[PDB]
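**Student:** okay, here's the opening piece of the assembly, coordinates as they are in the complex:
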Amino acid sequence: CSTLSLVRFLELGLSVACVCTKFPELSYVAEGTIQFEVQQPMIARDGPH
């Protein structure tokens, strides 16, 4: 009789790609979002500009 070979997602090296976090009342959540804000470094032009 054979046996199973259990694999855990964490021992897999691929888990580095994603940050899994458990969230128990996930089904109570409708379409949520995440925010962002970004600056842009600026150069000081000169003369004919």
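**Tutor:** In hand now; what should we look at? Numbers count the residues shown, from 1 in each chain, chains lettered A, B, ... in the order given.
**Student:** residue A:35: neighbouring residues, count only.
**Tutor:** Burial of residue A:35 is recorded as 4 neighbouring residues (other Cβ atoms under 10 Å). All C-beta atoms are positioned from the backbone trio N, CA, C, and that covers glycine.
**Student:** oh, I was asking about residue A:3
**Tutor:** Under the criterion other Cβ under 10 Å, the count of neighbours that residue A:3 has is 5.
**Student:** residue A:6: how many residues sit nearby?
**Tutor:** With other Cβ under 10 Å as criterion, residue A:6 counts 5.
**Student:** contacts for stretch A:5-23, please.
**Tutor:** residue A:29 (Cβ atoms under 8 Å, 6 or more residues apart in numbering).
**Student:** from one end of it to the other, what's the distance?
**Tutor:** Terminal residues of stretch A:5-23 are spaced 28 Å apart (Cα to Cα, to the nearest Å).
**Student:** and then chain B:
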Amino acid sequence: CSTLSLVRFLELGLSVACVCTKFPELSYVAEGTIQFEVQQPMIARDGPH
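**Tutor:** Following on from the chains above, chain B is added here:
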């Protein structure tokens, strides 16, 4: 005069191919079998099916 080179099967390396056993009742076995119980894994998928 010449002599004969004895050879012992277990001292060969081909023995690692098969397991050997002594069953002196072999003349007394009818159609004989073995068994197997294997169980493959499975991954859960989404979708309508």
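**Student:** once more for the neighbour count of residue A:6, now including chain B?
**Tutor:** By other Cβ atoms under 10 Å in any protein chain shown, the residues close to residue A:6 number 6.
**Student:** how far does stretch A:16-27 sit from the chain's center?
**Tutor:** 10 Å (Cα atoms, centre = their mean, to the nearest Å).
**Student:** that stretch near chain B anywhere?
**Tutor:** No - using Cβ under 8 Å from any Cβ of the partner chain, stretch A:16-27 stays clear of chain B, with a minimum separation of 15.1 Å.
**Student:** quick check: buried residues in that stretch?
**Tutor:** Within stretch A:16-27, no residue is scored as buried using 16 or more other Cβ atoms under 10 Å in any protein chain shown.
**Student:** can you get me the start-to-end distance on that stretch?
**Tutor:** So stretch A:16-27: terminal residues 26 Å apart, Cα to Cα.
**Student:** go on, stretch A:16-29?
**Tutor:** Note: stretch A:16-29 ends 26 Å apart using Cα to Cα.
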